[PDB]
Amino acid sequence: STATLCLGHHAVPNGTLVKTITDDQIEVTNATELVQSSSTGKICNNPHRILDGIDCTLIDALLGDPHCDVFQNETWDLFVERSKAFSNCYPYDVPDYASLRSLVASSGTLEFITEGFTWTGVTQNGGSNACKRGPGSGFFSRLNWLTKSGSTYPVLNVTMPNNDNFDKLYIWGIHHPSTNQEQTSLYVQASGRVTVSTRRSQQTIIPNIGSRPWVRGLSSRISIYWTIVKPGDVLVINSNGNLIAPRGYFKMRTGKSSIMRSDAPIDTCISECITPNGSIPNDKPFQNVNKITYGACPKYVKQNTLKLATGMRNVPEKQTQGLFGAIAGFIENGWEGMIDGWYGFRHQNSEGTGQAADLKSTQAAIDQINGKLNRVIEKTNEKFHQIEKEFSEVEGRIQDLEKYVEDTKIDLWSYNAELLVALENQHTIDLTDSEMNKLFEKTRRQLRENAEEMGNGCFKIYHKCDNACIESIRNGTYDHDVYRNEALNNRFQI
């Protein structure tokens, strides 16, 4: 007399839990991770030029420490400073080291151009055993130590014009004697002085005499300062003692260059994202590996996981199992048997019982889901030279702000990630339920007065509906007028 046609949605045996706007742990038939939590441990030397510092820091490579001149005129996309690095040359100090380290790092080059300063009344090339270069004493390859010639130290007053169309970064210094005795014996005057200026900037450092800790055989020091000279501008160096003169300039640039402190072994491979932990794939939108990055990278978040639903809910409402073949619809059950689709049909008629998935709805759900997927991982976000976020020394005010800006950022992005994943998951679940409900309605209208909703997601079709008939319903060509009469009779009184 009649037939049965249930509408349904697939379900899987082993599903996944995800967060939403109302349920923290709600099961879906699938999910993709959004937080990269692991690194390979090795820094890929492609596609960014990785200049491993090894035993050198950027500053030592800059200054010309004897064990670092292998980096002379080096360039890099990312300079990697090793923790084992050490300095073996004249014990010096760089006031505002961080800034110098930062500005050179970003320049991405130690391209030094010797200029030819004529120092009359002293004659260059001082050297120390602390900076043993080769067989005997040496000094920073880029700095020029000037002492006394004969028995005097004429007031040095030289200039160097920047006729070039680029910024010149002059690195110079001043010597801090251990004793007034050392001061005099080297620079004659009781107390020397150094003043490096351009038309717009000036700096006059006074050598301070005193006994520091013994480092590499000395109690005296060298303070490092720098001076950038713009095009047209000129550089004047005046001094009456203690001048650790520059030998030229370092050509300055701007680019994607930066510097990273890491102990990760550099390796031959490709990876756009670099963290001190090693390279990390930037396929996912967020990462929990490190907040220090370089290259196209996933945003750092505090979360070690954020699963994005890429499927509908699993076996409706949820939990375990039961029932059997009487044919039930999409109400409180999904079909673990439908692997050939997401949504579909199951009929029980004259010819028996079977199932056929509806690719239309299956595709739409799948499509919309890939639509949000691409959107969620469509961005890249390249970040190169940024701020430091780990610090060796207590500094106070500037560090607190540097630490506060990042935490502030990290927290804002974690929330962004948490909310996005929830909104997206809520949407995906509604979107999938919607596709299902849509199919049921589409079939509901096709059947007209020839069938009744059995409340279980199935329609009781009040007329002989063999497989060919069941098919027509599935492929939208079901002509209801054809069976209207029989159904109207079977329905309204048997």
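Numbers for residues come from their place in the sequence shown, where the first is 1.
Average Cα temperature factor in the PDB entry - higher stretch of 322-330, 338-346: 322-330 has the higher mean C-alpha B-factor.
67-75 versus 188-196 - greater average Cα B-factor per the deposited record: That would be 188-196.
Among 48, 448, 427, 464, single out the one with the highest C-alpha B factor in the record, please. Comparing C-alpha B-factors across 48, 448, 427, 464, the top value belongs to 464.
Just grab whichever of 485, 477, 20, 16 has the top CA B-factor as deposited. Going by the entry's C-alpha B-factors, 485 comes out highest.
Please place residue 5 in the lowest, middle or highest third of its chain according to the CA B-factor in the PDB entry. Lowest third of the chain for residue 5's C-alpha B-factor.
Once the chain's modelled residues are ordered by C-alpha B factor and cut into thirds, is residue 443 in the lowest, middle or highest one? For residue 443, the deposited C-alpha B-factor lands in the middle third.
Ranked C-alpha temperature factor of residue 223 among modelled chain residues, by third: Lowest third of the chain for residue 223's C-alpha B-factor.
Residue 400 CA temperature factor, ranked by third within the chain: Its C-alpha B-factor belongs to the lowest third of this chain's values.
In terms of the CA temperature factor given in the entry, to which third of its chain does residue 130 belong: lowest, middle or highest? For residue 130, whose C-alpha B-factor we compare with every modelled residue in the chain, the answer is the middle third.
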